[PDB]
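Note sheet for the following structure.
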Amino acid sequence: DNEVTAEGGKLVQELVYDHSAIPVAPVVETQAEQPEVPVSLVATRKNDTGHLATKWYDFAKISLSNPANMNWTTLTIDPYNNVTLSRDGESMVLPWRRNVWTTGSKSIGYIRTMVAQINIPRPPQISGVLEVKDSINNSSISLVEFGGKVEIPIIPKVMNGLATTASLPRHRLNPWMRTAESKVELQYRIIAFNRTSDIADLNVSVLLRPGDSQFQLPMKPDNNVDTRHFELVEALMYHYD
Amino acid sequence: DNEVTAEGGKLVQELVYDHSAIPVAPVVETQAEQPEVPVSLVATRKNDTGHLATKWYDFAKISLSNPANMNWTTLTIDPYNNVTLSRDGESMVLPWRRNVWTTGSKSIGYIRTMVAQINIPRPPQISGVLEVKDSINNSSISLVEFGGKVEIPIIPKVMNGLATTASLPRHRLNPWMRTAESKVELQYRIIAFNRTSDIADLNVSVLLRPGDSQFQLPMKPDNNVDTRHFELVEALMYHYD
Amino acid sequence: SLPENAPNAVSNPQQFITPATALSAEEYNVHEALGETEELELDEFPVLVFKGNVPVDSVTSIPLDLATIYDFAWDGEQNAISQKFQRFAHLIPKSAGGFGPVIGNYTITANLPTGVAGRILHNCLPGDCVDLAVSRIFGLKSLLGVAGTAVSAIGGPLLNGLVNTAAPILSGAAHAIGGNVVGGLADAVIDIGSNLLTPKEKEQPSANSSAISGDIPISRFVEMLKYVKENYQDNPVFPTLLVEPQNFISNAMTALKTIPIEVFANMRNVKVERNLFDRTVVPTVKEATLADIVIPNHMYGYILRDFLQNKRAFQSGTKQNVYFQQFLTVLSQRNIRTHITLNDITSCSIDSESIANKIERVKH
Amino acid sequence: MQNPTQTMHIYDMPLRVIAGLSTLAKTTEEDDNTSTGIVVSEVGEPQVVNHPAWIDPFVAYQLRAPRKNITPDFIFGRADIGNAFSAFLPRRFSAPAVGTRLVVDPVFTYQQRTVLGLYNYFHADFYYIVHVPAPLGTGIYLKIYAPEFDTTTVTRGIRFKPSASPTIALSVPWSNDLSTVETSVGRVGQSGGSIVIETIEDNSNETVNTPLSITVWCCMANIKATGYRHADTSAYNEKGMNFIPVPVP
Amino acid sequence: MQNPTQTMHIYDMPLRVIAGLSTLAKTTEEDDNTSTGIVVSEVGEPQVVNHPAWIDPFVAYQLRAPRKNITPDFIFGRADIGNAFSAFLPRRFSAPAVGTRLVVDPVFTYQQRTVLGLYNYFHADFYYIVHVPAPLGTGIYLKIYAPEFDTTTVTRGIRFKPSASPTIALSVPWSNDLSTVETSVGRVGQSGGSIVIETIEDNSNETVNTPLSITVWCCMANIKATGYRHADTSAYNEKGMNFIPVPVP
């Protein structure tokens, strides 16, 4: 109990997401709870993401150095076609390939589907704050002290409010997001930083539970990885005349 | 709340001066309390030091190195003629130039007018004790741990008990000290010291609230700074035959 | 302190020669719940603001700029009023009157022998309206035509403009040979808020001395009294005392000129905030004389109009035509700043004569 | 009868910090830095501030005394912006030398500049959260106060040690001899919402990378604007409110 | 927990008509034009409308049936503008010939275009007050309805005689198969807030100066915008909120 350490954060009871659909410490073979609907007038079913929502999955590693400029840095998470979330066995792409529609929850005032955890280990000779924005738009901000833990639910790119080239009418009217167009993305930057001459790098990892995502129309499992041509996203989001 | 620091001292409730005439945290535009008289048989008036007694003023900086000898070091504070306490606007010399007489309080058993604060910031790689004596004579001692805060009220040089060349009969009989002869002085030395190979210097600053000083005869404001000749203190405290 | 008494609807003619300034005080825009009262013993010294001779049948300006004011009864650098402006940033008036928030009183006194006899007109305009000050200085208008003017007759057989102090010792001078110390102490300790006579200044009246006094208003838009000296040249705050000695004949029935008076002042009606240390830009009390007057840029057409509606300012050889030719010349000068001074309209040169001074001014 | 006051609602608070700092105390009973030696305060003990642009309450030192702020409403046009589009915006500064001085000027968001740009005169209060990350061998001793007239004038403020209390928070109300200054001009000699940071001592190791960085968040709180600015009586049209007919073949 | 909804207030209603028309009825009991012959209405009897941009209540014919207007709130950003900066704006039109047709397109104020310009999608309701001053020998017989798909399509509306009821008022709610159209684009084939004026007959004298002018006021009522548009995180500054130091000589 007696060692010199610099660990300690917000003690996630004070965070605001769900704590039952995204459990803090689930029991060893149990299943997570079903998340809440956006509104009582949408279709409902049994969840097919219960065992998957009890697992923080290794997604990506970001380096946390002394910042020079003031710019943000976008981390794009496309759970449908990404060869890190589709390996073999129980992967994360499996609810996104058994279903036609998908949505999230509206507990904050807007739809917010996938959740990301940023836990930071540090030696005592470095300190600072990581600033994580909920989407590309001027959404909610989560501050991550170095040596602390936080969970950030993410807006889908479709529902961030911006008018893009794709911009279908069902994107602002329906909460249901045809499953292949369901990419989420967050932005981050270093907002405070002090160090000594000992450490300078401070690598962290991003964990990616698929909390409070919902699904609607249950098809039969589509093929896992498209190993033919990777030009398909340009014939899907640009649409020349 | 979680950082490795080495700060903490006596928590000034345990110090013995007044805590109402020298307030620990006065409200933003309020005025301090009037100090207590030496005895009930002296003249009394409204205080003209109320707003001034809510301000710790930057007086001098002393360096705290590894001591070699055992000698003391005298810091002379003459609030009447000193071009650091007479700048412009609300300075500290202003009650000493509207009045004929001045005195302090006798809560410890002797008159003790001006108060000084020595607050010490330190890194964790240095430790020690500063020893502050109340006057030139064998008066009370205040110990200042490094990384701590203390306030030291000071005896005037006139009332330290020593028989000097000036030595007027009203100095031992009256508690009223004609305002130009009201210099105070404290002595300090480093009494304990240990360090590492990182820091060696440890500069501190001396703050100088004019707590529990009183005044008697209210004249009209005399001129602030004497910019003519600085030989006047030799024709005032030596008095050749 | 310094209360706000409510008058009647119609002023009684045996006490007042003008109508009342207002029927209520004008305490909007002033933030009275803001400072902290600070009663030190230095505030109880008055300031000899003006001392000297003053010409008869001519309004004399005393610019009562309390931030930079000089004391003629004291040789030091600062005084009782200007050190208050050194120490603090914000001065807050306690109460108000018909003109504006009020911060102090003045007192005109004059020790005259019985062989001369005249009267004094006095008024103290806020400086938000300096046109009414300057029009009275130039002889264009009289003091009897603006509300708040008082008339006091110093002669005399009259015991009016006189100062009697009776020293503040705790003994009371109870062993005094051949007479009583009137109103000193060990008679009555009359409060600063109350307004009574002691019991001994009720049958004395040589030591009662009906005073010649008014109040010191500031201006009705500021929230406090932060002095910058650049902003108060553009929007002036401090008042101006206007004094006019009228008749003043001698025993040979000969009209006098240039009587001696002197003016005391105090500022005991303020609250303080924002105590300042080791500052560099100070309110710079000018040694041994005074402030002057600042006429800002938006006051020019108001001074211009009052010369035009005056039949005496057009005929030559009079005093008003001298100022009006000096006023038109300064408007045709080159001003890098946005205000002129009353001294610029006194120490200027001359041209010929009135109409050509105005035709050259409409082009500049 | 008065013309009616209309209200608009903003819904869910852009740039809100929803995961605050752990070194900043929420209540006054969990704060005793004034007692021992860490904070030497000349303005009192810190009072609790509740603001919507920061998730949890925090104690702040009152650099000026809190007041009511008279708002004159005699001219045409008045608005209470009032914590709308309001955020704590961060900036980095290096700590000054012992002789020099650092003045932090307040900032505000783009959406606050748009809506307040419909008026001519304003006043507001300000909040500051200062954070100095102190690694190991930190012996910094800082000083924060509010500037008054010029470059050298010092007022009553706080002194603190960042090694033992890394985060400090401040409360700067509107104090001026004129309510409602012009937005783009201001009064000459005003305080505004600036604060002053000054280094007292540097008792640090040789290994600490000095001139140690300071992070200061600033939020421009309750805004009351006065004076309706654009005298535009002409009518405008956008395609969203029109009747768009179906194109005929 | 939801991010809090913020409210802004507008105070005293620019371009408000505070002296209305005397020919427009305030209550339904003082209106019987449907009974005898003056108004032939196919949409019912007029209901009372209370709106803040007009001083006195007035009866209006419901050109479409009143509804609730679902507002989807799933994307980021939502606002209720809601009669703020709202006015009845007048325009003059000449009465058409018997064969032709006049489509009045709605308009809105400059300050409504600014605040709604912070969003991407909207919907609103509309109001119209039509006034035809009829001098002496006026025998005009008019027809007003709401257009649906193309140039020739006629729906249920009102027919009226301006010589005996000079002022008529209308109520046009939002009817569309998509809630929240894009502001600058709209749906193809939408109705929007347009109305259609058509001349049936001209039984006037030879002395009346025909093609008699029509005045139509239009007010764009309750606006709900959706979709936060400017993704600007940078900070802005104006001189009014700064510390302006006194210039030193």
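If you're wondering about the labels, chains in the structure tokens are A, B, ... by order shown, residues count from 1 in each chain, ligands from 1 in order shown.
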
message: If DSSP is run on the backbone, what residues of stretch 1-244 of chain D are alpha helix (DSSP H)? A reply as a PyMOL selection string would be ideal.
response: chain D and resi 110-115

List as a tab-separated table every residue of chain A that is in contact with chain D, defined as an atom at most 7 Å from one of its atoms (using only C-alpha atoms), together with the nearest atom pair and the distance in Å rounded to one decimal, sorted by chain and then rising number.
residue	atom	partner	partner_atom	distance
A:9	CA	D:22	CA	6.6
A:10	CA	D:22	CA	6.9
A:124	CA	D:135	CA	6.6
A:125	CA	D:135	CA	4.9
A:126	CA	D:135	CA	5.9
A:127	CA	D:133	CA	5.9
A:128	CA	D:133	CA	6.8
A:138	CA	D:14	CA	5.8
A:139	CA	D:14	CA	5.6
A:140	CA	D:15	CA	5.5
A:141	CA	D:17	CA	5.4
A:142	CA	D:19	CA	5.3
A:143	CA	D:19	CA	5.1
A:192	CA	D:215	CA	6.5
A:194	CA	D:133	CA	6.0
A:195	CA	D:135	CA	6.5
A:196	CA	D:208	CA	5.4
A:197	CA	D:207	CA	6.5

Pull C-alpha atoms from the residues just selected and write them as an mmCIF file, in the first residue's frame.
data_model
loop_
_atom_site.group_PDB
_atom_site.id
_atom_site.type_symbol
_atom_site.label_atom_id
_atom_site.label_comp_id
_atom_site.auth_asym_id
_atom_site.auth_seq_id
_atom_site.Cartn_x
_atom_site.Cartn_y
_atom_site.Cartn_z
ATOM 1 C CA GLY A 9 -8.597 9.969 -11.778
ATOM 2 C CA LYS A 10 -12.329 10.558 -11.749
ATOM 3 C CA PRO A 124 5.564 10.653 -11.717
ATOM 4 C CA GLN A 125 7.870 12.827 -13.856
ATOM 5 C CA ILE A 126 5.254 13.837 -16.449
ATOM 6 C CA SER A 127 1.854 15.489 -16.176
ATOM 7 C CA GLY A 128 -0.785 16.896 -18.483
ATOM 8 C CA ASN A 138 -18.567 21.392 -31.604
ATOM 9 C CA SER A 139 -19.802 18.561 -29.415
ATOM 10 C CA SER A 140 -19.100 17.652 -25.799
ATOM 11 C CA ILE A 141 -15.551 17.575 -24.452
ATOM 12 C CA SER A 142 -13.941 14.963 -22.197
ATOM 13 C CA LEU A 143 -10.745 15.888 -20.367
ATOM 14 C CA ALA A 192 -1.658 20.669 -21.187
ATOM 15 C CA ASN A 194 4.813 19.442 -18.528
ATOM 16 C CA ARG A 195 7.673 16.982 -18.242
ATOM 17 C CA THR A 196 11.232 16.489 -17.014
ATOM 18 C CA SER A 197 14.371 15.214 -18.730
#

- prompt: For residue C:55, which of C:143, C:188, C:116, C:255 is the closest residue, counting only C-alpha atoms?
  reply: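 Distance minimum relative to residue C:55 lands on C:255.
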
message: So that I can see what lies close to stretch 130-134 of chain B, please list as a ChimeraX atom specification the residues with an atom at most 9 Å from it, counting only C-alpha atoms and leaving out residues fewer than 3 positions away in the same chain.
response: /B:64,72,112,137-146,152-155,185-193

Save the residues we just selected, C-alpha atoms, as a PDB file, in the first residue's frame?
ATOM      1  CA  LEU B  64      18.897  30.567   1.977  1.00  0.00           C
ATOM      2  CA  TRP B  72      22.983  35.940  12.834  1.00  0.00           C
ATOM      3  CA  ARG B 112       5.818  44.460  19.287  1.00  0.00           C
ATOM      4  CA  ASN B 137      18.141  41.125  22.128  1.00  0.00           C
ATOM      5  CA  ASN B 138      17.439  37.607  23.437  1.00  0.00           C
ATOM      6  CA  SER B 139      13.779  37.773  22.485  1.00  0.00           C
ATOM      7  CA  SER B 140      11.347  35.129  21.266  1.00  0.00           C
ATOM      8  CA  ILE B 141      12.295  32.733  18.477  1.00  0.00           C
ATOM      9  CA  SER B 142      10.193  31.631  15.500  1.00  0.00           C
ATOM     10  CA  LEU B 143      11.240  28.504  13.616  1.00  0.00           C
ATOM     11  CA  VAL B 144      10.372  28.308   9.914  1.00  0.00           C
ATOM     12  CA  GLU B 145      10.464  24.880   8.327  1.00  0.00           C
ATOM     13  CA  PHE B 146      11.281  24.961   4.638  1.00  0.00           C
ATOM     14  CA  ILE B 152       6.660  37.149  12.980  1.00  0.00           C
ATOM     15  CA  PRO B 153       5.726  40.358  14.825  1.00  0.00           C
ATOM     16  CA  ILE B 154       8.791  42.501  15.501  1.00  0.00           C
ATOM     17  CA  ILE B 155       9.985  44.584  18.477  1.00  0.00           C
ATOM     18  CA  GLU B 185      14.755  44.858  12.876  1.00  0.00           C
ATOM     19  CA  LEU B 186      14.817  41.081  13.043  1.00  0.00           C
ATOM     20  CA  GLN B 187      17.676  38.615  12.910  1.00  0.00           C
ATOM     21  CA  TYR B 188      17.739  35.336  11.027  1.00  0.00           C
ATOM     22  CA  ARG B 189      20.051  32.419  10.387  1.00  0.00           C
ATOM     23  CA  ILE B 190      19.890  28.954   8.887  1.00  0.00           C
ATOM     24  CA  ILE B 191      19.767  26.490  11.767  1.00  0.00           C
ATOM     25  CA  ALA B 192      19.243  23.250   9.814  1.00  0.00           C
ATOM     26  CA  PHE B 193      20.021  22.356   6.212  1.00  0.00           C
TER      27      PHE B 193
END

- request: Compute the chain C side of the contact with chain E at 10 Å, counting only C-alpha atoms, and hand it back as a ChimeraX atom specification.
  value: /C:228-231,280-281

Counting only C-alpha atoms, chain C residues within 8 Å of chain B, as a ChimeraX atom specification: /C:35-36,38-42,45,74-80,83,85-88,273-280,282

Chain A near chain B within 9 Å: what's each residue's closest atom pair and its distance in Å to one decimal, counting only C-alpha atoms, ordered by chain then ascending residue number, as a tab-separated table?
residue	atom	partner	partner_atom	distance
A:4	CA	B:4	CA	8.3
A:5	CA	B:4	CA	8.5
A:6	CA	B:2	CA	6.6
A:7	CA	B:2	CA	7.6
A:8	CA	B:2	CA	7.1
A:9	CA	B:2	CA	8.9
A:124	CA	B:4	CA	7.8

message: Would you mind listing, as a PyMOL selection string, all residues of chain D that have at least one atom within 6 Å of chain E, where only C-alpha atoms are what counts?
response: chain D and resi 3-12+107-110+182-186+188-192+194+235-240+242-246

message: Give me the residues near residue C:151 as number ranges by chain, where near means some atom within 8 Å (using only C-alpha atoms) and where sequence neighbours in that chain fewer than 3 positions away do not count.
response: C: 17, 119-122

DSSP strand (DSSP E or B) residues within stretch 106-256 of chain C, listed as an NGL selection string: :C and (106-109 or 117 or 120-125 or 150-152 or 212-217 or 240-245 or 249 or 255)

- request: Just give me the gap between atom CA of residue C:11 and atom CA of residue C:156 in Å, one decimal is fine.
  value: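 These atoms are spaced 27.5 Å apart.
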
field: Atom pair atom CA of residue D:29 / atom CA of residue B:207: separation (Å)
entry: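 That distance, rounded to one decimal, is 27.7 Å.
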
Could you build a table of the residues in stretch 107-208 of chain B lying no more than 12 Å from stretch 98-102 of chain D, giving for each the nearest pair of atoms and their separation in Å rounded to one decimal place, using only C-alpha atoms, ordered by chain and ascending residue number, as a Markdown table?
| residue | atom | partner | partner_atom | distance |
| --- | --- | --- | --- | --- |
| B:203 | CA | D:98 | CA | 10.7 |
| B:204 | CA | D:98 | CA | 11.5 |
| B:205 | CA | D:98 | CA | 11.3 |

Write to file, as a PDB file, in the first residue's frame, the residues of the selection just made, with C-alpha atoms.
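The new file out_12.pdb reads:
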ATOM      1  CA  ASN B 203      15.343  32.183  -2.649  1.00  0.00           C
ATOM      2  CA  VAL B 204      12.494  33.448  -0.467  1.00  0.00           C
ATOM      3  CA  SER B 205      10.689  36.760  -0.058  1.00  0.00           C
TER       4      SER B 205
END

Residue contacts of residue A:151 (10 Å, only C-alpha atoms) excluding same-chain residues fewer than 3 positions away, as a PDB file with N, CA and C atoms, in the first residue's frame:
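Once written, result09.pdb looks like this:
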ATOM      1  N   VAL A  12     -15.032   6.378 -12.049  1.00  0.00           N
ATOM      2  CA  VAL A  12     -16.031   6.504 -13.116  1.00  0.00           C
ATOM      3  C   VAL A  12     -17.512   6.564 -12.756  1.00  0.00           C
ATOM      4  N   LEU A  15     -18.720   9.769 -14.132  1.00  0.00           N
ATOM      5  CA  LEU A  15     -18.914   9.929 -15.562  1.00  0.00           C
ATOM      6  C   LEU A  15     -20.377   9.697 -15.912  1.00  0.00           C
ATOM      7  N   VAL A  16     -20.779  10.162 -17.088  1.00  0.00           N
ATOM      8  CA  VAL A  16     -22.186  10.144 -17.482  1.00  0.00           C
ATOM      9  C   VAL A  16     -22.272   9.364 -18.789  1.00  0.00           C
ATOM     10  N   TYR A  17     -22.384   8.039 -18.707  1.00  0.00           N
ATOM     11  CA  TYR A  17     -22.926   7.341 -19.862  1.00  0.00           C
ATOM     12  C   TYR A  17     -24.090   6.396 -19.564  1.00  0.00           C
ATOM     13  N   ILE A  22     -22.767  -0.228 -20.268  1.00  0.00           N
ATOM     14  CA  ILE A  22     -21.313  -0.232 -20.314  1.00  0.00           C
ATOM     15  C   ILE A  22     -20.866  -0.515 -18.889  1.00  0.00           C
ATOM     16  N   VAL A 115     -18.373   3.529 -27.731  1.00  0.00           N
ATOM     17  CA  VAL A 115     -17.678   4.082 -26.578  1.00  0.00           C
ATOM     18  C   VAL A 115     -16.209   3.686 -26.654  1.00  0.00           C
ATOM     19  N   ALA A 116     -15.332   4.595 -26.244  1.00  0.00           N
ATOM     20  CA  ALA A 116     -13.897   4.372 -26.260  1.00  0.00           C
ATOM     21  C   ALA A 116     -13.319   4.683 -24.892  1.00  0.00           C
ATOM     22  N   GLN A 117     -12.372   3.866 -24.450  1.00  0.00           N
ATOM     23  CA  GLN A 117     -11.686   4.063 -23.184  1.00  0.00           C
ATOM     24  C   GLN A 117     -10.251   4.478 -23.441  1.00  0.00           C
ATOM     25  N   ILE A 118      -9.808   5.518 -22.753  1.00  0.00           N
ATOM     26  CA  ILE A 118      -8.429   5.966 -22.808  1.00  0.00           C
ATOM     27  C   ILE A 118      -7.903   5.936 -21.382  1.00  0.00           C
ATOM     28  N   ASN A 119      -7.148   4.898 -21.051  1.00  0.00           N
ATOM     29  CA  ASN A 119      -6.499   4.780 -19.755  1.00  0.00           C
ATOM     30  C   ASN A 119      -5.022   5.080 -19.941  1.00  0.00           C
ATOM     31  N   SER A 142     -14.388  15.760 -23.332  1.00  0.00           N
ATOM     32  CA  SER A 142     -13.941  14.963 -22.197  1.00  0.00           C
ATOM     33  C   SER A 142     -12.463  15.217 -21.960  1.00  0.00           C
ATOM     34  N   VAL A 144      -8.959  14.272 -20.091  1.00  0.00           N
ATOM     35  CA  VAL A 144      -8.299  13.081 -19.572  1.00  0.00           C
ATOM     36  C   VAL A 144      -7.011  13.543 -18.919  1.00  0.00           C
ATOM     37  N   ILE A 154     -19.227   8.075 -28.567  1.00  0.00           N
ATOM     38  CA  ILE A 154     -18.909   8.810 -29.787  1.00  0.00           C
ATOM     39  C   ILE A 154     -20.163   8.976 -30.638  1.00  0.00           C
ATOM     40  N   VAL A 206      -6.072   2.688 -27.017  1.00  0.00           N
ATOM     41  CA  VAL A 206      -7.483   3.040 -27.105  1.00  0.00           C
ATOM     42  C   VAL A 206      -8.294   1.758 -27.135  1.00  0.00           C
ATOM     43  N   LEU A 207      -9.129   1.565 -26.128  1.00  0.00           N
ATOM     44  CA  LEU A 207      -9.972   0.387 -26.016  1.00  0.00           C
ATOM     45  C   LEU A 207     -11.390   0.702 -26.462  1.00  0.00           C
ATOM     46  N   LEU A 208     -12.062  -0.303 -27.022  1.00  0.00           N
ATOM     47  CA  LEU A 208     -13.195   0.002 -27.887  1.00  0.00           C
ATOM     48  C   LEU A 208     -14.406  -0.911 -27.686  1.00  0.00           C
ATOM     49  N   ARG A 209     -14.957  -0.999 -26.496  1.00  0.00           N
ATOM     50  CA  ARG A 209     -16.229  -1.679 -26.260  1.00  0.00           C
ATOM     51  C   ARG A 209     -17.342  -1.096 -27.129  1.00  0.00           C
TER      52      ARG A 209
ATOM     53  N   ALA D  19     -15.366  16.230 -17.774  1.00  0.00           N
ATOM     54  CA  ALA D  19     -14.475  15.425 -16.943  1.00  0.00           C
ATOM     55  C   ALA D  19     -13.421  16.381 -16.408  1.00  0.00           C
TER      56      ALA D  19
END

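Shortest atom-to-atom contact with residue D:223 among D:71, D:41, D:28, D:62: D:71, counting only C-alpha atoms.
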
message: Could you tell me how far atom CA of residue C:67 sits from atom CA of residue C:28, in Å to one decimal place?
response: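 So the two atoms, atom CA of residue C:28 and atom CA of residue C:67, lie 23.1 Å apart.
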
field: Contacts of residue D:38 within 8 Å, only C-alpha atoms, excl. fewer than 6 positions in-chain, as a list in words
entry: residues 7, 8, 148 and 149 of chain B; 160, 161, 164 and 165 of chain D

Please write the residues from the selection above to a file, keeping N, CA, C and O atoms, as a tab-separated table (two decimals), in the first residue's frame.
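Result file follows (part30.tsv):
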chain	number	residue	atom	x	y	z
B	7	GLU	N	4.91	20.44	0.74
B	7	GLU	CA	4.41	21.68	1.29
B	7	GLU	C	3.51	21.39	2.48
B	7	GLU	O	2.78	20.40	2.48
B	8	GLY	N	3.58	22.24	3.49
B	8	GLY	CA	2.79	22.07	4.68
B	8	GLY	C	3.53	22.54	5.92
B	8	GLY	O	4.70	22.21	6.10
B	148	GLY	N	7.06	25.96	4.44
B	148	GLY	CA	6.03	26.35	5.38
B	148	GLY	C	5.90	27.86	5.46
B	148	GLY	O	6.65	28.60	4.83
B	149	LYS	N	4.93	28.30	6.26
B	149	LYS	CA	4.56	29.70	6.37
B	149	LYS	C	4.53	30.09	7.84
B	149	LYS	O	4.08	29.30	8.67
D	160	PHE	N	0.77	31.29	-4.07
D	160	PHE	CA	0.57	29.87	-3.86
D	160	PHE	C	1.76	29.07	-4.35
D	160	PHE	O	2.59	29.55	-5.13
D	161	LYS	N	1.84	27.82	-3.88
D	161	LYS	CA	2.87	26.88	-4.25
D	161	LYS	C	2.27	25.81	-5.14
D	161	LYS	O	1.41	25.05	-4.67
D	164	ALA	N	2.16	21.71	-4.22
D	164	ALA	CA	1.22	21.13	-3.28
D	164	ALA	C	-0.23	21.45	-3.60
D	164	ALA	O	-1.11	20.71	-3.15
D	165	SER	N	-0.50	22.51	-4.34
D	165	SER	CA	-1.83	22.78	-4.89
D	165	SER	C	-1.63	23.15	-6.35
D	165	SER	O	-1.35	24.32	-6.66

message: So that I can check the surroundings of residue C:113, please list as a ChimeraX atom specification every protein, DNA and RNA residue that reaches within 9 Å of it, counting only C-alpha atoms and ignoring chain neighbours fewer than 4 positions away.
response: /C:117,155-157
